[PDB]
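Structure, as C-alpha cells:
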Amino acid sequence: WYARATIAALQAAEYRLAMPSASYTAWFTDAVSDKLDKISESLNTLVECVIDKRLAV
Amino acid sequence: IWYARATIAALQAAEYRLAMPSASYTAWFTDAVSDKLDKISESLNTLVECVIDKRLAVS
Amino acid sequence: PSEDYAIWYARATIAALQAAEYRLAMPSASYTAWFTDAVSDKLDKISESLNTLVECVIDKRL
Amino acid sequence: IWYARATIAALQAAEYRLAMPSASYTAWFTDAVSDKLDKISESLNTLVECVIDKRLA
Amino acid sequence: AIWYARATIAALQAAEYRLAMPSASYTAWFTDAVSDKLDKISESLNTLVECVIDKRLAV
C-alpha cells in the first residue's frame, strides 16, 4: 500500500525548480552556455565582417 | 529501517511533472539561455537585413 | 513525535531522495508554455532568419 | 500531524539527480528543441556548401 | 490513506527542488539532444566565418 500511495502522491504533485546547485550550473555551462557564447561570438564576427564589406571604401 | 528501501523504490518508479519554475530558476535560466538566444537572434536579423536589404536591423 | 523520530525521518527521507533518480514526465502546461516563450519561439525566429538567408544566397546564383 | 513541515524541509534539503526522461518528455523535447537545432544545422551547412562551392569554382 | 495522499502532495507542491549534477544517463541523452547539435552548429558557423574572411583576405 505504501509503495502505491507514495507513487500516486509523487505523480499527482507538481515540481517547482529552485535555483540549481553550483554543480548543476557548472555542468549546464559546459553543456550549453559556453557553446552559446562561442556561437554568439562567431556570429557577431560574421555580421561585423559583412557590415564592413558594405561600409569599406 | 524499511522506510528507506520502499521510498527509494517509490521515488524511482514515479515520474515527475515540472510546474512553472521558481523566479530564482527562471532568472538563472534567462541569463544562461534566453538572453543569449535573443542576442543571437538579433544578430542574425542584423546579418539578414544587411545582406538582403542593405539596412540596419532595429529592435 | 519525538525529536529522535524527527531526526531519523529527516535523515532517512533525505537519504532516499538523494539515492533515487528522477524521470521527468510530460511537463505541466504552465512549464511547456513558459519553455516555448523562453526557448522554442526564439529558435523558430533564428531558423526562419536562416531560411531567408539560404533562400537569398541560393537565389542570387540564378 | 507534524509531517508536512518535516517533509518540506527534507525535500528542500536534498538535491535531485535527473535520470533519463520519460518517452513523453523526450518526444516533447524533440519537438520543442532538437528538431529546430536540426533545421538550423541543415541551413548552416547549406550556407557552408554554397560558400565552399564558390571558392572551388 | 486519504490523509497521507493529502499531506504528502501538499508537501511536494510547497517545496522547491534544487537540481544536482544530473546522472550520466541524463547527460548522455541531453548530449545527443542538444550539446552535439550545438557543437555541429558552432563548427559550421566557424567554417562560414573563416571562409568569408578567407575570401576577404585572399590574393
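Atoms considered below: every heavy atom in the structure, side chains included; atoms not considered: hydrogens, waters and symmetry mates. Letters go in sequence order (proteins before strands), and every chain restarts at 1.
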* Asked: For B:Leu56, is it the side chain, the backbone, both or neither that has a heavy atom under 4.5 Å from a heavy atom of chain A?
  -> neither
Below 3.5 Å only, please: all the donor-acceptor pairs between chain B and chain A, one per line.
from: B:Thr7; atom 1: OG1; to: A:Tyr2; atom 2: OH; distance (Å): 2.7
from: B:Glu15; atom 1: N; to: A:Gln11; atom 2: OE1; distance (Å): 3.1
from: B:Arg17; atom 1: O; to: A:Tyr15; atom 2: N; distance (Å): 3.0
from: B:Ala19; atom 1: N; to: A:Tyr15; atom 2: O; distance (Å): 2.9
from: B:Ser22; atom 1: N; to: A:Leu17; atom 2: O; distance (Å): 3.0
from: B:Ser22; atom 1: OG; to: A:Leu17; atom 2: O; distance (Å): 2.6
from: B:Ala32; atom 1: O; to: A:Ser33; atom 2: OG; distance (Å): 2.9
from: B:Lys36; atom 1: NZ; to: A:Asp37; atom 2: OD1; distance (Å): 3.4
from: B:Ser43; atom 1: OG; to: A:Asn44; atom 2: OD1; distance (Å): 2.9

* Region of B:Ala32 in contact with chain A, defined by heavy-atom distances below 4.5 Å -> both
* Assess whether atom CG of A:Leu55 is packed by more than 12 heavy atoms of other residues, nucleotides or ligands within 6.0 Å. => yes
* Structure fact -> One option among A:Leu46, A:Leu43, A:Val50 has the most heavy-atom pairs under 4.5 Å with chain B, and it is A:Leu43
* Structure fact -> So, the part of A:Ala5 with a heavy atom under 4.5 Å from chain B: the answer is neither
